[PDB]
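Trainee: Build me a model:
(2 chains)
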Amino acid sequence: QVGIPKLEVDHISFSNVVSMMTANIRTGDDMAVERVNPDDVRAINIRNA
Amino acid sequence: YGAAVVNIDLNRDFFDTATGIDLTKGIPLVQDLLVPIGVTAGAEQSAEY
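Mentor: Numbering: from 1, shown residues only, chains lettered A, B, ... in the order given. Sure, the structure comes next:
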């Protein structure tokens, strides 16, 4: 037989396999971009969707 | 003798600075006449032509 889900039944199980990251996910290398503006505001194509 | 190169320029003596023209660059260049809107500074310069 296959093992019964722990959440299926009313017993309390005080040991479980907790998935976890090996280290902090906040490395500190936050993403940064180079925004570069339109050259002429008049020249922008607002049109077409 | 020794004239390296001989060009046919617009006459500065006639198109004087009183005309607002600046011929030293080899083209007429009148500042602040047909200046474009909505562009970064220095983008006006071609219109001086």
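
Trainee: So what's the residue count around the closest residue in space to residue A:41 that isn't next to it in sequence?
Mentor: If the residues on either side of it in the chain are set aside, residue A:41 comes closest to residue B:38, at 4.0 Å by C-beta to C-beta, 6 or more residues apart in numbering or on different chains. C-betas here are computed from N, CA, C, even on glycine. Neighbour count for residue B:38, taken as other C-beta atoms under 10 Å in any protein chain shown: 12.

Trainee: so residue B:38 makes contact with residue A:38?
Mentor: No. Counting by C-beta atoms under 8 Å, residue B:38 does not reach residue A:38; the two are 9.2 Å apart.

Trainee: Show me which residues of chain B are close to chain A?
Mentor: Counting by C-beta under 8 Å from any C-beta of the partner chain, chain B comes close to chain A at B:36-40, B:43.

Trainee: List just the nearest of those to chain A.
Mentor: Distance ranking of those against chain A, using C-beta to the nearest C-beta, places residue B:38 first at 4.0 Å.

Trainee: tell me the contacts of the closest one?
Mentor: Residues in contact with residue B:38 (C-beta atoms under 8 Å, 6 or more residues apart in numbering or on different chains) are A:40-43.

Trainee: Swap in 10 Å and give it another go.
Mentor: A:38-44 (C-beta atoms under 10 Å, 6 or more residues apart in numbering or on different chains).

Trainee: Next, format the residues you listed as a markdown table and append neighbour count and secondary structure.
Mentor: As requested, the contacts of residue B:38 are exported to a markdown table (neighbours: other C-beta atoms under 10 Å in any protein chain shown; DSSP: H, G, I helix; E, B strand; the rest coil):
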| residue | neighbour count | secondary structure |
| --- | --- | --- |
| A:38 | 11 | coil |
| A:39 | 12 | coil |
| A:40 | 13 | strand |
| A:41 | 10 | helix |
| A:42 | 10 | helix |
| A:43 | 9 | helix |
| A:44 | 10 | coil |
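
Trainee: Identify, from these, the entry nearest to residue B:1.
Mentor: Nearest to residue B:1 among the contacts of residue B:38: residue A:39, at 49.6 Å, using C-beta to C-beta.
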